[PDB]
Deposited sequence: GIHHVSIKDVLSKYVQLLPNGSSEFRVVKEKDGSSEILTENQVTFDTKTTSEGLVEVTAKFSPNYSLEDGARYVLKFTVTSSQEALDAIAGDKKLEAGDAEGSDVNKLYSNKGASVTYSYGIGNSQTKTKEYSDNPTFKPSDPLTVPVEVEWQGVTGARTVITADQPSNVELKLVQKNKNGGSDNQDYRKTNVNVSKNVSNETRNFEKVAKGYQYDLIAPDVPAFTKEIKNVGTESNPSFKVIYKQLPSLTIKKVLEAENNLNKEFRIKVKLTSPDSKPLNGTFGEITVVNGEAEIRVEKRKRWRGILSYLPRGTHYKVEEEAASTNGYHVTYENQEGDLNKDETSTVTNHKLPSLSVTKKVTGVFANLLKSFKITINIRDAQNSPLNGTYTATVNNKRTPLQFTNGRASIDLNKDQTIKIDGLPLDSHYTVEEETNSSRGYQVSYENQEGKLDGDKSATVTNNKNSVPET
C-alpha cells in the first residue's frame, strides 16, 4: 500500500475557509458503492499561512494508515468567495496574469497549486510528490443592483402641490463604508435623477455594487426643502428612498380700511421661536431674523406684503405692528399667533380712526356746544384729541365723556382720532340757545367713519 499520505491545497486569494471550520474538512473512502468517513485517528487537518500569505490546507493521514487498493480517498471542504472576488466581479479590482482562466472574472482559479505526498515500501521507503493537474475555477455570485427612489412632497405631505423652485436634477452617490480601518468611499457609484415639476416619484439604480460592505447614500441639500434618507431594504440588500419635503412659509399682509392715503408705510414685527425654545437666526427669502426678531416694512410698491420663506417646521410666530405705526388706526389681527406646520398668512388690518365734525349754522356771538362720547364698550371717553378750527390745531379734552366747544357762524370743528364704533351726542348749552330756535342735523350718531353733526340756530 502507499503510506505517510498527505493531501495539500493552497487556496488562492479569491476564496477562503468558513468561520469555526464550518468548512467541515473530511476525507471519505469510496469503495464498491459504499462511503466511509476517516476518523480523528486516521486523518488530521492543518491550516497554515505560506510565506506569500496564502492559506494552505493539509489532510495528514495517520502515518501508518495504508491506502486500501482501488479505493478512492477524497478530501472535501467548503470555501467561500473572499472580498477580493466579490470586488473583482463588481468590477472594482483588475485581474493580474494567473488570476483566472483567460482573465475571465467568471473563471477565477480556486487554487495556487495542490499536491499529494506519499511513501511506499517497507524499510527505507521512497517518497513522491505529484502535483494535481486540474486547475479548477468558479464564478462569484452576481454583484448587487441597489435601487434609489426620490420623492418630492409639498408642505402638507405626500402628493401635495409643490410651490418652491426645484433643481432640474439631483446627483445621488452610494457610499461604500470602509470596514478595514480607512475612509468611506463617497464616490463609489453615482447617478443623476431627473426632476420634473409635478412628477413626485422617480427611480434609478446603482449597478454592479460589490457585496461584503455596508452602504449609505449622499443626496444634495436642496434650498426650501428638508431631506430624509432611508434604507427601505436590508444591510445586505440595500434599497434607498430620499424624501424632499417643502418647508412652510409665513406671509405677512397689511390691509388698509377707510384710508384714502395709500402712500403710508407700516413696520410690522414678527417674533419667531423654535420648538427647542431657542434663538432663531438666519435669512428667509428677503427677511433676516436676528435672535427671534424680524421686521417687515410694507407699502403699496411691495403689494402690502412680506414673506418669510421656508422657516423651520413647527416654528412659533407672533406678529405685532410697531407702536409708532399704529397711531391714528384701530389695529386688529387675523392669525396673529400660531405654529407654522403649513403655509400661513397673518393679516394686520389698519382701520383709520373716525372723526367728528360739528358745524354751527345761524338763520333768521360765540355758541357753546357740549359733545358727549361713549367708547365702543360704552364707557365715557377720557382723553385729549386733536381738533381743528380753520387750520388751527387745538387739543380737545374729554372728561368723563364730555367736552365742550365754542363755534361761530359757519364754523366747523373737526375732531380726529376718536375710538372706532363709539357714539356721540351733541347739545347746545341752554344759555347759548336763549332767543334762538335750535335744531340739529345728526345730533346722535355712531362713529363708524367720519361723521358730521350740524347745529342751526334760528333767531326767534
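Chemist: Which regions of the deposited sequence are unaccounted for in the modelled residues, listed N- to C-terminal?
Modeler: Residues lacking C-alpha coordinates: 365 to 370, 467 to 471.
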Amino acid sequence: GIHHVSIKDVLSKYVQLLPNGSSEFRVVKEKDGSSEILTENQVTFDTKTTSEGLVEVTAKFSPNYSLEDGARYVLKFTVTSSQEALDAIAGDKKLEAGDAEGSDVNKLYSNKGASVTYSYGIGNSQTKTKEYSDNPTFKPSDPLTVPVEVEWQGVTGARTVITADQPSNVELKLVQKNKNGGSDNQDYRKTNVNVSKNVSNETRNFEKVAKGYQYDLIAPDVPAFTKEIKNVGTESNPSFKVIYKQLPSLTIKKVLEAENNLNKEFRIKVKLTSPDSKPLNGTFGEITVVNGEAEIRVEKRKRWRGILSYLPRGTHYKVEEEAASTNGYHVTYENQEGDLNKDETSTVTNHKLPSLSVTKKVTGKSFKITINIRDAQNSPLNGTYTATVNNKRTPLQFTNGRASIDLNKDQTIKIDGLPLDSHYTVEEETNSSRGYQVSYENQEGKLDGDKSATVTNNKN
From here on, numbers count along this sequence of modelled residues.
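Chemist: With reference to the PDB entry, specify whether the mean Cα temperature factor is higher for 197 to 205 or for 225 to 233.
Modeler: Per the deposited B-factors, the answer is 197 to 205.
Chemist: For the C-alpha atoms alone, is the average B factor greater in 366 to 374 or in 270 to 278, going by the entry?
Modeler: On average, C-alpha B-factors are higher across 270 to 278.
Chemist: Quick one: which of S355, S168, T315, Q83 shows the highest Cα temperature factor in the PDB entry?
Modeler: Of the options given, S168 has the highest CA B-factor in the PDB entry.
Chemist: According to the deposited entry, which of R301, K254, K245, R189 has the largest Cα B-factor?
Modeler: Highest CA B-factor of the listed options: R301.
Chemist: Would you mind ranking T454 by its C-alpha B-factor against the rest of the chain and naming the third, lowest, middle or highest?
Modeler: Ranked within chain, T454 CA B lands in the middle tercile.
Chemist: Where does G338 sit by CA temperature factor within its chain: lowest, middle or highest third?
Modeler: Middle third by C-alpha B-factor.
Chemist: Would you check the entry's CA temperature factor for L11 and let me know if it's in the chain's lowest, middle or highest third?
Modeler: Tercile = lowest for this residue's CA B-factor.
Chemist: Going by the CA temperature factor in the PDB record, which third of the chain does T359 belong to: lowest, middle or highest?
Modeler: Middle third - that is where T359 ends up once the chain's C-alpha B-factors are sorted.
Chemist: Compared with the other modelled residues in the chain, in which third is the CA B-factor of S422?
Modeler: Middle third, going by the recorded CA B-factors of the chain.
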